[PDB]
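These notes are about the structure you will find just below.
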Amino acid sequence: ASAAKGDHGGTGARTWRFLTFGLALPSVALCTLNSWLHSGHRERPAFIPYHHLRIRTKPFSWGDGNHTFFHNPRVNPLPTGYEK
Amino acid sequence: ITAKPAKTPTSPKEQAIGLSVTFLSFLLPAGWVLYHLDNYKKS
Amino acid sequence: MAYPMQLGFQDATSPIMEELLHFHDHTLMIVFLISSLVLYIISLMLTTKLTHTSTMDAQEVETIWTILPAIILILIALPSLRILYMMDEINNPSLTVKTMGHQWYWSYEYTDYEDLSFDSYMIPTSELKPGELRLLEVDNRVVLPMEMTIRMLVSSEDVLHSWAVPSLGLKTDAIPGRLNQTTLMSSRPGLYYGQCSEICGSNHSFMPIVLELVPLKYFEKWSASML
Amino acid sequence: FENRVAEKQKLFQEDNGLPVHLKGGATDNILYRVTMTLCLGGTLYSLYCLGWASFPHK
Amino acid sequence: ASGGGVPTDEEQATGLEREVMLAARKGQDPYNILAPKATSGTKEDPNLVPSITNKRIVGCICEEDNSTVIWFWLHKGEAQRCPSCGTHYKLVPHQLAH
Amino acid sequence: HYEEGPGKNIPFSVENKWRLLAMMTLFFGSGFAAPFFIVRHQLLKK
Amino acid sequence: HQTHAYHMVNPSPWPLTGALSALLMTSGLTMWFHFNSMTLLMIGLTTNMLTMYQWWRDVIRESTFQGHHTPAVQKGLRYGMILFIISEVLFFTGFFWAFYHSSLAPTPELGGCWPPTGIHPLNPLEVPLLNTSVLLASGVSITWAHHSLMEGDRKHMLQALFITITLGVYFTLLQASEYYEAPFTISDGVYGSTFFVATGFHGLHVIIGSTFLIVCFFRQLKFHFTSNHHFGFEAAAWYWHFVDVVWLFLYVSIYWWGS
Amino acid sequence: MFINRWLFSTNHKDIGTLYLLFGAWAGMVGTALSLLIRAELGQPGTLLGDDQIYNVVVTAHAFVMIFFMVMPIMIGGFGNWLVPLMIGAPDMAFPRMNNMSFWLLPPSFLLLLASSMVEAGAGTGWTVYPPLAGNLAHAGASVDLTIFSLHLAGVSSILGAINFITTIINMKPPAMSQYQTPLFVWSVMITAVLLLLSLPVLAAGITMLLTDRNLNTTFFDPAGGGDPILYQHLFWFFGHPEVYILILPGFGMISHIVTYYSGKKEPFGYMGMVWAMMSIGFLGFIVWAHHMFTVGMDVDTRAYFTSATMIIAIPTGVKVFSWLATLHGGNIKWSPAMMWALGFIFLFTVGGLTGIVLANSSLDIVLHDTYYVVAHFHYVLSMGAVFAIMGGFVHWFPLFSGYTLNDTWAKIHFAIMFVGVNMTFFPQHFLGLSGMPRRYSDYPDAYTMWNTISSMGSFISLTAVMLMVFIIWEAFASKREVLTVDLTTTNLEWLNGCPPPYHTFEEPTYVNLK
Amino acid sequence: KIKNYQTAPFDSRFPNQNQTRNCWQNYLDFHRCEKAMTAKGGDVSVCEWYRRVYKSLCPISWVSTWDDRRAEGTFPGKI
Ligand SMILES: CCCCCCCCCCCCCCCCCC(=O)OCC(COC(=O)CCCCCCCCCCCCCCCCC)OC(=O)CCCCCCCCCCCCCCCCC
Ligand code: HEA
Ligand code: HEA
Ligand SMILES: CCCCC/C=C/C/C=C/C/C=C\C/C=C/CCCC(=O)O[C@H](COC(=O)CCCCCCCCCCCCCCCCC)COP(=O)(O)OCCN
Ligand SMILES: CCCCC/C=C\C/C=C/C/C=C/C/C=C\CCCC(=O)O[C@H](COC(=O)CCCCCCCCCCCCCCCCC)COP(=O)(O)OCCN
Ligand SMILES: CCCCCC/C=C/CCCCCCCCCC(=O)O[C@H](COC(=O)CCCCCCCCCCCCCCC)COP(=O)(O)OC[C@@H](O)CO
Ligand SMILES: CCCCCC/C=C\CCCCCCCCCC(=O)O[C@H](COC(=O)CCCCCCCCCCCCCCC)COP(=O)(O)OC[C@@H](O)CO
Ligand SMILES: CCCCCC/C=C\CCCCCCCCCC(=O)O[C@H](COC(=O)CCCCCCCCCCCCCCC)COP(=O)(O)OC[C@@H](O)CO
Ligand SMILES: CCCCCCCCCCO[C@@H]1O[C@H](CO)[C@@H](O[C@H]2O[C@H](CO)[C@@H](O)[C@H](O)[C@H]2O)[C@H](O)[C@H]1O
Ligand SMILES: CCCCCCCCCCO[C@@H]1O[C@H](CO)[C@@H](O[C@H]2O[C@H](CO)[C@@H](O)[C@H](O)[C@H]2O)[C@H](O)[C@H]1O
Ligand SMILES: CCCCCCCCCCO[C@@H]1O[C@H](CO)[C@@H](O[C@H]2O[C@H](CO)[C@@H](O)[C@H](O)[C@H]2O)[C@H](O)[C@H]1O
Ligand SMILES: CCCCCCCCCCO[C@@H]1O[C@H](CO)[C@@H](O[C@H]2O[C@H](CO)[C@@H](O)[C@H](O)[C@H]2O)[C@H](O)[C@H]1O
Ligand SMILES: C[C@H](CCC(=O)O)[C@H]1CC[C@H]2[C@@H]3[C@H](O)C[C@@H]4C[C@H](O)CC[C@]4(C)[C@H]3C[C@H](O)[C@]12C
Ligand SMILES: C[C@H](CCC(=O)O)[C@H]1CC[C@H]2[C@@H]3[C@H](O)C[C@@H]4C[C@H](O)CC[C@]4(C)[C@H]3C[C@H](O)[C@]12C
Ligand code: CUA
Ligand SMILES: [Cu+2]
Ligand SMILES: [Mg+2]
Ligand code: NA
Ligand SMILES: [O-]
Ligand SMILES: [Zn+2]
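Residue numbers (the authors' numbering), protein chains in the order written: chain G, 1 to 84; chain M, 1 to 43; chain B, 1 to 227; chain J, 1 to 58; chain F, 1 to 98; chain L, 2 to 47; chain C, 3 to 261; chain A, 1 to 514; chain H, 7 to 85.
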């Protein structure tokens, strides 16, 4: 494997807590580092009104029927381009 | 199989009524609708 | 086309449809044989007061009930598969014609040389000419050269349709966003009829297909005439 | 917290012939009644809407 | 260190669970969890079939691996025989372990 | 307990064969009629 | 009176209130989708909560309080839950088929490429990797919880289960943030469609499974579980592993290979 | 008492009773729809309107016959009644969840009826293919109500499959191995597995159709890079297993009926019968694209699906031959039930053989979307599924009711139905070979004789359906109470009397290990 | 070269019933070739065989939509 420890063989609860605090949560802490460093808002792309995107065959059943459910003005253009 | 004689026998007359009532419950309502199709298509 | 009280397939117009007739005869013989054998054995089992109700050992006999059906499946599969790969094998078409299915009619495009395209609609019953067939005639027939390998491409610009000509053994679904290939070769001049073979709404029953198979020279002059 | 399961075992084994869904006492009844009222009322509103939707409008 | 705090079945199991658990500790099967082991099934040595009434349905797998099970009611009284193999069974009524 | 035995393990009465005939006739009748009245309903539209 | 170990259940209204809830939610979505009203839907959602609450309450009443869960009843519930999870796996299988169908033969409308022209996929090495680490961790922490409960250790069980839930909730808050921040939407062709509907159903399963775990947490608080009888905890741990594994398949397929 | 018993049930027998009642009512709705179909085609021209109203009728016919009549009768009805009794179990594993399986079905049926009442209905076929089923060619609530009806039917059968599997695995006598369970129980366990694996895939498909119609997804829309053929795959992945689901409990009941009225203690080749049903269950998951031979699939795929579809004939033949071997040397009782069963063996064989014709992708090019498919599936559904349901009903009515039917009336009913169904569907073969398309409200003039005879046959079947209702009334009306049943030693379901008590096997059976 | 053109010949890259990509490929190849010529002032004429294949195979409505989108700047293929 891409894995090499030894068999912990001394009551299961103690071993799994060992793994929780020894491996599991440290991994979550490193990946939390790696993510709250590669984050920060980024160059939004030129709006091109491609026909395979911003699909509208029926209005959405909320708002003005033209905004998706988790609409972000910054990064989600409407079919007519980004909002003012 | 074996069974007791009918506790409430259903005579020929009684069967004729039940069979008649049964057929009429299927045929009258469908018959009404099918007979009046033209009147539906116009309205 | 079909005629009144018809039992079997429309007469073969291509060699592939001819091959399908012979393969259907082979299969149907097997079907009649087996279904008649089952009926016969049912009646055999039901026609004796003689009895044997004690435990019957079921091993020697299950060999026969398994190997014989396996042989018969093989006797069907062989010819079935010869014809499948024969249908598919590389020929070289002299001509390519597209048909687009619509609600509810077919458009045809012959675009090898000129920009030839037109719409093909069912003749309404109230405007049939003497001798014309209810539900089957079209205003503009699909003229094609007889005795020639033609590539039909099938699609739709709306819902599913399916382009079918039973005489030539043809059915190709017409799917929007997709281009389905089939090949067509009439051994004979004539008129060859078919109907929309996928439910497509209000007039699914009423968007038929008429091929007119004539010599190449009449085909060429027709094409020129339709530009 | 303390383990009060034994009490609950006593309550729910009490030989009063109540079904398990009502055996906790008066709240089970209140809650059951609220649930049935919403379900049956909601169904009647559902049939009204079907009716309404079955005929054309503006 | 396990600090405890988690009840055992012994302490907290109740109702039928508790009955099954206590009966099993004593090697008893009042709730028919286990397949009974056959006797020789002669009239001398009949299969003893416990019941809380005066009849109980028996199913007889006459030979090992028979797919067919022979079902019949066994009544309080003289040993009855399987209609297929004649293996003898005798009802042993008691009152229910409440 | 609940009633057991013939005519008592059902959600309809068979106490009177004429009341029963009325029930069975409404029951199967309403089922068979439904489509005809849906076809009607759709034809009396547009 | 019975001499078998199986559970004859008291006549219950909850199956009826379940069915009617199903009717009210399905007819409610129709009214929402087509007649611009949420009232029917809100009612079916409410009755459905009430039904689930009272149904599962009664199961706790039948088991912890009444003792109806003999080993034979427990075996049955194990089979029940395995079979439920199998049915959920086939459900997701449909969405994976849809994903693999669209992504392996991108159509001309997309630019004949995957990802489609105009789609800027999320970086799988950012929050997706974090999310992967979070569910895998919660997998370790739920196993610690299981062993704690079997070893009679109340405190460490409540501790391990709290951590598992916190990771569940973390994953859900991250996925909500990714959803808000994603430059593509459900309406961005088959990429948006497969992405949001597959990861969206996953997200619901994470919320469902987190909820189950929280139920298990409060029951443990009230001492319902013995060191040897805790099927509710096992069922929630099986469900939770299922959720974990569906995530690994989404990460490998949609976020990594599909980017 | 009445609500506690009939709305709040946790009893396997009562819930089976609810299912039979629901099934019988659906059968009436389905029969009416079949008569509208055959009224429209009974003479050349237009009777009702264009293809939309017609195909709403055709669509509803199918949904009702499949999801509201056959599945509820065979699995909900005979299943809940017989399976617990046949393994000496006190009830099902999840008796309360069992009740919700039942009460989901009325609302499911309400949603189907709503779809047909709202706008112009769902004229889509039971396959509900996009783009016709889509929000442009089927704008409005009709298709969404259809999708939600299938969702509720789906959940009903998935929870029921979990129930039957758990029950049959876990609640047999300790000494009973799976190889000591009767074939009906095998047939329900295998059916429940197909349901568990197939329905969630359909749920995924129709949910994707729901989102394409209402949330601007493009799973099946080429504009967004989608494919209408994807839906066909997801649907048929369920759809073929669905047909084996419709027949397997049928196979089970036929094995019991043939065994019983042959005066045999057991069916011939028990393990061969188990093997055959399991092979059919397995093989039924790897053949779905035989519904897709004309969509434009590569030749090698066509050759696999041809071959995998055909192999199903072998295990199916072992069941057929094994039923004939059960008859062999029997002391034959020519009961009405036996007549239904004998009709089944022959007419199912015919339907199956025309299935084998359709398996050959080459022939299927010409037969696909024609009345030859319609003849195939009505032989195995209107003369297979239905004949097995009628045989079982006649056989077990006395167990369920405590009353006997008039045997003469029942023989009369069989005879009318037999003529009716054969007159309706035999000529549809001819219509198919000669090219009559499916889902047509009207045909070219040449097709007129076979359509006329077929419609006349549909009316003979109406007369049988109406007679059936009278026969059931006559039985409840007359109250001939059952005394004695032969062969209880190999039919455990009869052994607690007719009807059996509300609670059976409170004391489990005694079965020892030797 | 081979300009006794009847129709698009068999192309082993696209040997099955679905011919969508065959159309699309030859449509891309032509407009690519076209671009790499109005560039170096060369002759479109070398691009002719792609023009003839895509015109033979492609639905008119497809070509029309593809052409409208090249003009609009929404054509999703690389040219
Ligand atoms: C015949 C009308 C019957 C209608 C009755 C319907 C009512 C229901 C009751 C029903 C009463 C039954 C009527 C007899 C059956 C006749 C079938 C037949 O000739 O069918 C022929 C073919 C079509 O093939 C052809 O095309 C070639 C035949 C050419 C005809 C010969 C010359 C006759 C001259 C007139 C015709 C035109 C000739 C030129 C045309 C050239 C051909 C293209 O059709 C087919 O495939 C049909 C599809 C068959 C699939 C089912 C499998 C068989 C199961 C039953 C077997 C049980 C055995 C009992 C064993 C027997 C026990 C008694
Ligand atoms: C089980 C399924 C089933 C059954 C029984 C039937 C029965 C019948 N069907 Fe149906 N049919 C379908 C399923 C079924 N059908 C399907 C799936 C399609 C394709 C749909 C599509 O294209 O989208 C179809 C299509 C179809 C067409 C083609 C429509 C078209 O292509 O334009 C026609 C035309 O004749 C037809 C006719 C009939 C007739 C006359 C009967 C008669 O035989 C019916 C006679 C009456 C009965 C058999 C009654 C049964 C009632 C009971 C058993 C209740 C009793 C209950 C108890 C005693 C408990 N059917
Ligand atoms: C009960 C329902 C049921 C059953 C059991 C079957 C069983 C089979 N079906 Fe069918 N089928 C349907 C219901 C059913 N079907 C429906 C509803 C449709 C259409 C759906 C729609 O489009 O709306 C359909 C459609 C359908 C098609 C598509 C046709 C088309 O649309 O172009 C095909 C193609 O392969 C097919 C094949 C088969 C085969 C090979 C069997 C086999 O399982 C049959 C096997 C049985 C036998 C072979 C007879 C017994 C065997 C012997 C006596 C031994 C010897 C036999 C030989 C050696 C051959 N079916
Ligand atoms: C959004 C993310 C969500 C995650 C949230 C997580 C929060 C968890 C909270 C942690 C608090 C835990 C414990 C505090 C004290 C409670 C008393 C219970 C402990 C107990 O009773 O046990 C003691 C353990 O102490 C010992 O040394 C062992 C002590 C082990 C526990 C404390 C250490 C845990 C710290 C985890 C940090 C991980 C991050 C890594 C960053 C660094 C990168 C390399 C003594 O036992 P023992 O003989 O040593 O071993 C026998 C087994 N008990
Ligand atoms: C982060 C975890 C999510 C928590 C959930 C919280 C809120 C509501 C969401 C419900 C989850 C449902 C899952 C599957 C259904 C549809 C996809 C929803 C996935 C989702 O949430 O997708 C969002 C769209 O939601 C939309 O439109 C849809 C809005 C909601 C509409 C409800 C749809 C109901 C239809 C489903 C029927 C269920 C059928 C199941 C059958 C059962 C088995 C037989 C994505 O946002 P966007 O703005 O497009 O892009 C982001 C741009 N910045
Ligand atoms: C099995 C994987 C198949 C992948 C390709 C097979 C063979 C290829 C050879 C080389 C292998 C790697 C390269 C990939 C090739 C891509 C193939 C492809 O392109 O396949 C695409 C579909 O794939 C799809 O989603 C496929 C998805 C179909 C799923 C089948 C159903 C499985 C369900 C089982 C459920 C149990 C799950 C248990 C949980 C673990 C589309 O096909 P096209 O090209 O448009 O046209 C060919 C057609 O005629 C096919 O009949
Ligand atoms: C928008 C609407 C969506 C829904 C919103 C939220 C819905 C659900 C939230 C999660 C629900 C979980 C709650 C279940 C708790 C039940 C109680 C329980 O866990 O019951 C246990 C039995 O398990 C049992 O029935 C096992 C119980 C199985 C439950 C399975 C739960 C998952 C299914 C939820 C619905 C899935 C929907 C899928 C969506 C497509 C009780 O036995 P034990 O634990 O051994 O205790 C006995 C000891 O005390 C004796 O010593
Ligand atoms: C778009 C809108 C569509 C919405 C339709 C939804 C339909 C209905 C909604 C209402 C249903 C929720 C109500 C609670 C159901 C609880 C089920 C349950 O927990 O059932 C258990 C059995 O199944 C088990 O274990 C394990 C099985 C647990 C199943 C949990 C409920 C499933 C609901 C969703 C179904 C999804 C199907 C899969 C495909 C996605 C318990 O069996 P009982 O017979 O009760 O008791 C037996 C006693 O011995 C216990 O002491
Ligand atoms: C990338 C992988 C992601 C991991 C996600 C979580 C994996 C869950 C695996 C299944 O759970 C455990 O498997 C171990 C089987 O090896 C057992 O451990 C325990 O077994 C003994 C119990 O006494 C102890 O001695 C040992 O130390 C201890 O490892 C334990 O029974 C079991 O619950
Ligand atoms: C399997 C489980 C599936 C069930 C899925 C549950 C879906 C939940 C939908 C929640 O919808 C939100 O609620 C708001 C209000 O409470 C909406 O206001 C909307 O709706 C009103 C309709 O009356 C309009 O008047 C408003 O203007 C309009 O913004 C809002 O926008 C919408 O996001
Ligand atoms: C699809 C399967 C069912 C088809 C077969 C059923 C047909 C059997 C006839 C049953 O029904 C009746 O026929 C009458 C005609 O004989 C109709 O009366 C109509 O005609 C009468 C006289 O001809 C007038 O007096 C009435 O007012 C007028 O309603 C009557 O409404 C209709 O119910
Ligand atoms: C006990 C369980 C049963 C409780 C009884 C059921 C309660 C029935 C309320 C009936 O009122 C409905 O309210 C809808 C909204 O709530 C209205 O739609 C409205 O929806 C929007 C308001 O949110 C408006 O903007 C729209 O114009 C309008 O169509 C609609 O006219 C009306 O039928
Ligand atoms: C071995 C198994 C069960 C035997 C038992 O334990 O009773 C039996 C049951 C059904 C049998 C199969 C069926 O008889 C069908 C086939 C018949 C052929 O004679 C051999 C292969 C064949 C596939 C058999 C192999 C084997 O004998 C099977 C699989
Ligand atoms: C209250 C109880 C101690 C007494 C008893 O066991 O009943 C302890 C045991 C474990 C504790 C919990 C766990 O340690 C996990 C959490 C730790 C957080 O720091 C506080 C809340 C938190 C959720 C704790 C709340 C509470 O103090 C708990 C539940
Ligand atoms: Cu076009 Cu049917
Ligand atoms: Cu199939
Ligand atoms: Mg088709
Ligand atoms: Na007509
Ligand atoms: O089939
Ligand atoms: Zn014996």
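Every residue gets a Cβ at the ideal spot worked out from N, C-alpha and C, and that includes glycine.
Taking 8 Å as the cut-off, decide whether the C-beta atoms of A:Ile-471 and A:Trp-409 are in contact. yes
State yes or no: is the beta carbon of A:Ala-114 nearer than 8 Å to at least one beta carbon in chain J? yes
At a CB-CB cut-off below 9 Å, which residues of chain C make contact with J:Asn-3? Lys-224 and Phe-225
Entirely within the region 60–140 of chain B and at least 3 residues each: give me those beta strand (DSSP E) ranges in chain order. 95–102, 105–110 and 116–120
C-alpha distance - C:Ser-29 paired with C:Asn-50, whole-angstrom precision: 14 Å
State yes or no: is the beta carbon of L:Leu-22 nearer than 8 Å to at least one beta carbon in chain A? yes
Provide the residue span of the beta strand (DSSP E) that contains B:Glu-212, from first to last. 208–214
Flag F:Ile-57 as yes when its Cβ comes closer than 7 Å to any non-hydrogen atom of ligand 20, and as no otherwise. no
Residues in its own chain within less than 7 Å of H:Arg-58 by CB, not counting five upstream and five downstream? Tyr-11
When the Cα atoms are used, what is the spatial distance from A:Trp-288 to C:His-103? 16 Å
Against chain J, does A:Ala-153 count as a neighbour if the rule is that its beta carbon must be under 8 Å from one of theirs? no
Taking the C-alpha atoms as reference points, what is the distance between C:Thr-95 and C:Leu-252? 11 Å
Which first and last residues belong to the alpha helix (DSSP H) in which A:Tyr-304 is found? 299–311
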